[PDB]
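Colleague: Numbering (the authors' numbering), first residue to last: 44 to 133, 136 to 301, 307 to 528. Beta carbons are placed, not taken as given, at the ideal position from N, Cα and C, and that holds for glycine. Got a structure for you, questions after.
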Ligand SMILES: *Cc1cc2c(cc1C)nc1c(=O)[nH]c(=O)nc-1n2C[C@H](O)[C@H](O)[C@H](O)COP(=O)(O)OP(=O)(O)OC[C@H]1O[C@@H](n2cnc3c(N)ncnc32)[C@H](O)[C@@H]1O
Ligand SMILES: [N+]
């Protein structure tokens with residue numbers, strides 16, 4: 044039986060808002076669950092109601108209201124963030142972590158308490174375990190280890206019916222694989238067990254500028270396809286504007307220019323783990339071998355050494371900056387997508403060069419991934435193709451709020467135009483963090499994976515109580 048009191052221990056949380064600032068909602072209530080028991084109690088009660096919906100909120104970083112429950116119940120999963128933490132040995138190591146824990150705190154705790162760390166990250170660490178595992182969780186390690194959803198050995202899940210189940214690849218495996226990349230549709234992740242690696246002492250962080258997309262992409266693909274023993278430990282890249290803009294021009298590139311008609315340029319971003327047992331000269335020798343033959347513009351290679359924790363935490367500086375400029379609690383109509391290797395050059399021509407040649411005010415990430423690291427059994431949707439290589443693209447728009455900058459309607463319209471152009475060109479792409487309004491568009495997104503997705507919904511959340519903000523299924527009555 045669900046027993047609740049007024050929240051005393053907690054600061055105000057705007058449960059009807061998220062990072063995107065595109066939508067707003069008015070939940071009936073915000074609940075701070077103590078742990079999995081409370082989550083189950085809440086979902087069991089929701090199932091008995093005629094039409095209550097429940098959204099589990101991670102850290103509110105959705106763009107499109109995915110963690111909202113207008114006229115429903117929001118669970119603050121961070122109130123469970125301390126639950127379950129442990130490190131165990133089998136001599137491989139694992140961590141149990143709460144679904145509501147921030148990746149930032151997992152990094153700090155694992156490194157400081159055990160000299161260990163997760164091996165697959167997001168760029169930004171104030172995201173929750175459950176939140177990223179429900180999507181994928183992608184950064185520069187994914188070419189080696191796969192996304193965070195490919196680095197899980199166990200989940201505790203409370204289903205939309207309110208049932209608690211421990212799941213793995215071999216136990217309640219339909220739920221396990223369904224929840225991974227499953228957009229919160231089948232249950233609330235209350236615990237994950239994840240592999241850990243010995244934490245590196247240090248990182249050599251490198252950025253190299255490219256004039257042309259062909260050179261950039263060929264070199265990026267080369268670097269993610271080398272033997273593990275002779276490879277970097279992180280590969281990303283981004284297009285930036287050939288301008289003096291502090292937001293997304295040349296100032297955004299160095300870690301601590308040639309005058310040309312280029313509208314955009316490209317930056318290949320690499321990192322090499324090393325330990326204090328390695329001399330600077332040794333690291334130099336390794337890097338020199340690894341980048342032999344690369345066609346980056348001479349004179350525009352930037353390098354710094356920093357601790358592993360500082361490198362994984364590198365985006366904290368960006369948040370501090372934004373917050374100091376009152377730009378954090380503002381709209382961010384970001385667009386994220388996966389593009390097939392076969393179509394990435396046309397995507398660059400049509401979208402980067404064609405539509406975005408003046409930039410979007412923030413990073414335009416683009417870098418290759420390896421399909422073999424993305425578990426085909428999961429709910430993740432990738433574009434068709436069987437090139438081992440595919441790409442992720444992220445358009446991290448940043449603008450002063452209206453009327454100083456464009457309206458949210460305007461920006462969303464621009465995002466729609468990008469997607470429209472890809473569709474009209476028949477490009478092989480899928481949205482990451484997908485958002486659609488009609489189920490017809492959702493069926494187009496899932497393609498031949500749709501039947502399985504609905505089957506899982508019927509098995510685990512038949513009344514569609516859970517994650518209504520994804521707008522895939524509507525709440526059934528009674
Ligand atoms: C805001 C932001 C997001 C972001 C990022 C940088 C910033 C500043 N960098 C990313 C990166 O480098 N790589 C990547 O893959 N994602 C990145 N993101 C996006 C982030 O992944 C998403 O915002 C994602 O949603 C995680 O954020 P968060 O943890 O805050 O979760 P949420 O937005 O509130 O909820 C997402 C959906 O999942 C459901 N949900 C939430 N918690 C659970 C649990 N425990 N179990 C089951 N479902 C859950 C929500 O209801 C919602 O549908
Ligand atoms: N070097």
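Is residue 334 near ligand 2 - that is, is its Cβ less than 6 Å away from at least one heavy atom of it?
Modeller: Within the chain shown, numbered from 1, the residue matching residue 334 stands at position 284. Yes, since a heavy atom of ligand 2 falls inside the 6 Å radius drawn around the Cβ of residue 334.
Colleague: Residue 211 to residue 172, Cα distance in whole Å?
Modeller: On the chain shown, position 166 is the one that residue 211 refers to. On the chain shown, position 127 is the one that residue 172 refers to. Going by the C-alpha atoms only, they are around 23 Å apart.
Colleague: Would you call residue 367 buried or exposed, if buried means 16 or more other Cβ atoms sit within 10 Å of its Cβ?
Modeller: Along the chain shown, one-based indexing puts residue 367 at 317. It counts as exposed.
Colleague: Starting from residue 479, trace the beta strand (DSSP E) in both directions and tell me its first and last residue.
Modeller: Residue numbering aside, residue 479 sits at position 429 when the chain shown is read from its first letter. It spans 479 to 481 - the beta strand (DSSP E) in which residue 479 sits, taken as one unbroken run.
Colleague: For residue 112, which three-state DSSP category applies?
Modeller: Taking the chain shown and counting its residues from 1, one reaches residue 112 at position 69. Residue state, collapsed to three classes: coil.
Colleague: Whole angstroms are fine: how far does the CA of residue 451 sit from the CA of residue 382?
Modeller: For the purposes of this step, residue 382 is taken as the residue at position 332 of the chain shown. For the purposes of this step, residue 451 is taken as the residue at position 401 of the chain shown. For residue 382 and residue 451, the distance between alpha carbons rounds to 10 Å.
Colleague: I need the DSSP call for residue 242, collapsed to helix, strand or coil.
Modeller: The count along the chain shown starts at 1 and reaches residue 242 at position 197. Note: residue 242 maps to strand in three-state DSSP.
Colleague: Given this structure, state the Cα-to-Cα distance separating residue 329 from residue 462, to the nearest angstrom.
Modeller: Taking the first residue of the chain shown as 1, we reach residue 329 at position 279. Taking the first residue of the chain shown as 1, we reach residue 462 at position 412. If I take the Cα positions, the gap works out to 50 Å.
Colleague: Any heavy atom of ligand 1 closer than 6 Å to the CB of residue 110?
Modeller: Here residue 110 is taken as the residue at index 67 of the chain shown, counted from 1. Residue 110 Cβ: within cutoff of ligand 1.
Colleague: What is the DSSP secondary structure of residue 402, reduced to helix, strand or coil?
Modeller: Against the chain shown, residue 402 aligns to sequence position 352. DSSP places residue 402 in helix when its eight states are reduced to three.
Colleague: CA-CA distance, residue 130 and residue 453?
Modeller: Residue mapping note: residue 130 aligns to position 87 of the chain shown, counting from 1. Residue mapping note: residue 453 aligns to position 403 of the chain shown, counting from 1. Residue 130 and residue 453: Cα-Cα distance of roughly 50 Å.
Colleague: In the structure shown, what three-state DSSP assignment does residue 434 receive?
Modeller: Stepping through the chain shown from its first residue, residue 434 is reached at position 384. Coil.
Colleague: Just reading off the beta strand (DSSP E) that residue 386 is part of, what are its end residues?
Modeller: The count along the chain shown starts at 1 and reaches residue 386 at position 336. 385 to 390 is the extent of the beta strand (DSSP E) around residue 386.
Colleague: Considering only heavy atoms of ligand 1, does any lie closer than 6 Å to the CB of residue 104?
Modeller: Within the chain shown, numbered from 1, the residue matching residue 104 stands at position 61. Yes, the Cβ of residue 104 comes within 6 Å of a heavy atom of ligand 1.
Colleague: Along the chain, where does the beta strand (DSSP E) that runs through residue 204 open and close?
Modeller: Taking the chain shown and counting its residues from 1, one reaches residue 204 at position 159. Residue 204 -> beta strand (DSSP E) spans 199 to 204.
Colleague: When the Cα atoms are used, what is the spatial distance from residue 164 to residue 316?
Modeller: Against the chain shown, residue 164 aligns to sequence position 119. Against the chain shown, residue 316 aligns to sequence position 266. Distance between the alpha carbons of residue 164 and residue 316: 26 Å.
Colleague: Checking the sheet assignment: what are the DSSP bridge partners for residue 143?
Modeller: Position 98 of the chain shown, counted from the start, is the residue given in the question as residue 143. 236, per the DSSP bridge assignment.
Colleague: Identify whether residue 55 lies in helix, strand or coil by the three-state DSSP scheme.
Modeller: Here residue 55 corresponds to residue number 12 of the chain shown, with the count starting at 1. Residue 55 falls in the coil class under three-state DSSP.
Colleague: Closer than 6 Å: is that where the CB of residue 522 sits relative to any heavy atom of ligand 3?
Modeller: No copy of ligand 3 appears in this structure; the ligands present are ligand 1 and ligand 2.
Colleague: I think residue 393 touches residue 478, with their Cβ atoms under 8 Å apart; what is that distance to the nearest whole Å?
Modeller: In the chain shown, counting from the first residue as 1, residue 393 sits at position 343. In the chain shown, counting from the first residue as 1, residue 478 sits at position 428. With a Cβ gap of about 5 Å, residue 393 and residue 478 count as contacting.
Colleague: Just checking, does the stretch 150 to 168 make contact with the stretch 231 to 247 on the three C-beta pairs under 8 Å criterion?
Modeller: As far as the Cβ criterion goes, the stretch 150 to 168 touches the stretch 231 to 247, which means the pair count is three or higher.
Colleague: Report the start-end ranges of each alpha helix (DSSP H) in the stretch 466 to 520 that is 4 residues or longer and not cut off at the edges.
Modeller: Runs of the alpha helix (DSSP H) inside the stretch 466 to 520: 489 to 496, 500 to 510.
Colleague: Using 6 Å as the cut-off, classify the Cβ of residue 248 as near or not near the heavy atoms of ligand 2, replying yes or no.
Modeller: Sequence index remark: in the chain shown, residue 248 carries index 203 (1-based). The answer is no for residue 248.
Colleague: Look at residue 269 and residue 188 and say whether their C-beta atoms are less than 7 Å apart.
Modeller: Here residue 269 refers to the residue found at position 224 when the chain shown is read from its first residue. Here residue 188 refers to the residue found at position 143 when the chain shown is read from its first residue. Yes; because the gap between Cβ atoms is below 7 Å, this pair is in contact.
Colleague: Leaving out five residues before and five after residue 409 in sequence, what residues of the same chain have Cβ atoms less than 6 Å from its Cβ?
Modeller: Walking along the chain shown from the start, residue 409 turns up at place 359. So the qualifying residues of the chain are 286, 293.
Colleague: Cα-Cα, which of 69, 96, 64 is closest to residue 232?
Modeller: The residue labelled residue 232 in the question sits at position 187 within the chain shown. Nearest option by C-alpha distance: 96.
Colleague: Just to confirm, does residue 354 get its C-beta within under 6 Å of one of the non-hydrogen atoms of ligand 2?
Modeller: Working through the chain shown from its first residue, we reach residue 354 at position 304. No.
Colleague: Could you pull the DSSP bridge partners for residue 282 from this structure?
Modeller: For the purposes of this step, residue 282 is taken as residue 237 along the chain shown, with counting starting at 1. Its beta-bridge partners are 318.
Colleague: Rounded to whole angstroms, what is the Cα-Cα separation between residue 205 and residue 267?
Modeller: Translated into positions along the chain shown, residue 205 becomes position 160. Translated into positions along the chain shown, residue 267 becomes position 222. Taking the straight line joining both Cα atoms gives about 44 Å.
Colleague: Is residue 120 near ligand 1, judged by its Cβ being under 6 Å from some heavy atom?
Modeller: Mapped onto the chain shown, residue 120 falls at position 77. It does: the Cβ of residue 120 is within 6 Å (strictly closer) of some heavy atom of ligand 1.
Colleague: Going by other Cβ atoms of all chains shown within 10 Å of its Cβ, with 16 needed for buried, is residue 470 buried or exposed?
Modeller: Residue mapping note: residue 470 aligns to position 420 of the chain shown, counting from 1. Flag for residue 470 reads exposed.
Colleague: Does the beta-carbon of residue 110 have 16 or more other beta-carbons within 10 angstroms, so that it is buried, or is it exposed?
Modeller: Your numbering for residue 110 matches position 67 in the chain shown. When all chains shown are included, residue 110 counts as buried.
Colleague: Should residue 518 be labelled buried (16 or more other beta-carbon atoms within 10 Å of its own) or exposed?
Modeller: Taking the first residue of the chain shown as 1, we reach residue 518 at position 468. Residue 518 should be labelled buried.
Colleague: Which of helix, strand or coil does DSSP assign to residue 173?
Modeller: Against the chain shown, residue 173 aligns to sequence position 128. In the structure shown, residue 173 sits in a strand (DSSP, three-state: E or B).
Colleague: Assuming residue 203 and residue 45 are in contact, meaning their beta carbons sit under 8 Å apart, how far apart are those beta carbons, in whole angstroms?
Modeller: Here the question's residue 203 lines up with position 158 in the chain shown. Here the question's residue 45 lines up with position 2 in the chain shown. Rounded, the Cβ-Cβ distance is 13 Å, inconsistent with contact.
Colleague: So, for residue 221: in the same chain, excluding its five sequence neighbours on each side, which residues have a beta-carbon less than 7 Å away from its beta-carbon?
Modeller: Translated into positions along the chain shown, residue 221 becomes position 176. So the qualifying residues of the chain are 200, 212, 213, 214.
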